[PDB]
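Trainee: Numbering (the authors' numbering), first residue to last: 0 to 14, 18 to 179, 192 to 242.
After the structure tokens below, expect a handful of questions from me.
Rendered as structure tokens:
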């Protein structure tokens with residue numbers, strides 16, 4: 000459970019958009035819940051400008067009563083003295099707008115957004131995200147019109163936790179445009207969450223386990239992550 004080779008803020012987006023709050027008038031555009039319980043594969047390339055990149059693949063699905071996110075992450079071409087491997091990022095997380103568009107060929111969606119990480123010297127470290135989600139099951143899914151997800155996040159610590167860890171609380175709401195899918199109805203209450211990540215960045219291997227709960231009615235995620 001040693002210290003991660005990368006800053007916790009750089010892993011936030013990799014570490018379950020099915021918990022976003024879709025307002026009633028937009029429920030017909032919620033691909034993420036409609037893919038449940040069989041779930042979807044979520045893949046990203048995250049390009050840290052003037053530095054390296056992460057490539058991720060995750061399976062997000064229900065196991066029993068729990069929404070599970072299992073991720074493999076590979077980071078390459080990082081500068082050992084850069085903002086990421088040098089741990090120069092502040093422990094906070096700005097609001098993002100995640101822009102979503104349908105990918106009819108793959109019966110899924112794509113998403114694009116650029117995260118701004120605050121650097122300890124007042125500069126900014128950009129992380130450009132390219133994302134694609136493909137449903138695992140064969141059933142019908144909701145393919146959305148163009149819209150975005152607006153996010154808000156607080157990062158904190160557990161004063162009694164000796165391991166390297168991150169406590170996270172986030173609220174996400176859809177914007178920019192009865193149940194609309196069967197999968198939507200799996201999110202009506204509070205749902206337990208398990209996150210497992212295996213990572214390798216420039217050959218530095220690490221793993222993260224997270225547990226918590228999500229409440230999609232209000233777009234809320236609360237989780238605690240530990241380096242394992």
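Where is the CB? At the ideal position from N, CA and C, for every residue including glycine.
When the Cα of residue 109 is compared with those of 131, 65 and 44, which residue comes out closest?
Mentor: 44
Trainee: Which one of 87, 232 and 150 has the shortest CA to CA distance from residue 7?
Mentor: 87
Trainee: Along the alpha helix (DSSP H) that carries residue 34, what are the first and last residues, could you check?
Mentor: It spans 33-36 - the alpha helix (DSSP H) in which residue 34 sits, taken as one unbroken run.
Trainee: With residue 132 and residue 148 assumed to form a contact (beta carbons below 8 Å), what rounded beta-carbon distance in angstroms separates them?
Mentor: No, residue 132 and residue 148 are not in contact; Cβ-Cβ is about 16 Å, not under 8 Å.
Trainee: Measure the C-alpha to C-alpha separation of residue 38 and residue 66 and round it to an integer number of angstroms.
Mentor: 12 Å
Trainee: With distances taken between CB atoms, is the gap from residue 75 to residue 213 smaller than 7 Å?
Mentor: yes
Trainee: If you compare alpha carbons, which of 59, 239 and 145 is closest to residue 195?
Mentor: 145
Trainee: Given a cut-off of 7 Å, decide if residue 205 and residue 224 are closer than it, judged by their beta-carbon atoms.
Mentor: no
Trainee: Shortest alpha-carbon distance to residue 230 belongs to which of 241, 240, 239 and 202?
Mentor: 202
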